[PDB]
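Trainee: Before I ask anything, here's the sequence and the deposited coordinates:
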Amino acid sequence: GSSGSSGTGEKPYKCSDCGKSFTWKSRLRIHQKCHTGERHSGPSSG
Ligand SMILES: [Zn+2]
C-alpha cells in the first residue's frame, strides 16, 4: 500500500521523516504527528 501524490514546485516545507512536500506549514505539523499513533488508520487517501 504505497501512495504517490506529487504536485509541482519546490515547497518551503518538507517532512524530514518520510519525504513528502507540503504547501502549507500547518498541514505539515499535522502530518508529522500523524506518523505516530495507530488508531484505525493505515492507508492514505492521496
Ligand atoms: Zn512524514
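Mentor: Looks like it came in fine. Residues are numbered from 1 along each chain as shown.

Trainee: Can you pull the residues of this protein lying near the ion?
Mentor: Residues of the chain that fall close to the ion, judged by C-beta under 5 Å from the ion: 15, 17, 18. Quick note: C-beta positions are derived from backbone N, CA and C, even for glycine.

Trainee: Distance check, residue 20 against residue 4.
Mentor: As judged by C-beta to C-beta, to the nearest Å, residue 20 and residue 4 stand 10 Å apart.

Trainee: more crowded one of these two?
Mentor: Set residue 20 next to residue 4 and count neighbours by other C-beta atoms under 10 Å: residue 20 wins out with 16 against 6.

Trainee: isn't the more buried one right up against residue 14?
Mentor: Yes. Using C-beta atoms under 8 Å, residue 20 is in contact with residue 14, at 7.4 Å.

Trainee: Relative to the centre of the chain, find the outermost residue for me.
Mentor: residue 40 (17.5 Å; C-alpha atoms, centre = their mean).

Trainee: Quickly note the distance from that residue to residue 24.
Mentor: As judged by C-beta to C-beta, residue 40 and residue 24 stand 25 Å apart.

Trainee: that's a strand at the residue farthest from the centre of the chain, yeah?
Mentor: No. Counting by DSSP: H, G, I helix; E, B strand; the rest coil, residue 40 is located in no strand; its state is coil.

Trainee: Next, the contact list for it, please.
Mentor: Applying C-beta atoms under 8 Å, 6 or more residues apart in numbering to residue 40 gives no contacts.

Trainee: ok, it to the ion distance?
Mentor: Going from residue 40 to the ion by C-beta to the ion, to the nearest Å gives 19 Å.

Trainee: ok, now residue 8?
Mentor: Distance, residue 8 to the ion, using C-beta to the ion: 20 Å.

Trainee: three-state assignment of that residue?
Mentor: Taking three-state DSSP, the label given to residue 8 is coil.

Trainee: need the contact list for it.
Mentor: By C-beta under 8 Å, 6+ apart, the contact list for residue 8 is empty.

Trainee: How much space separates it from residue 21?
Mentor: From residue 8 across to residue 21, the span is 10 Å (C-beta to C-beta).
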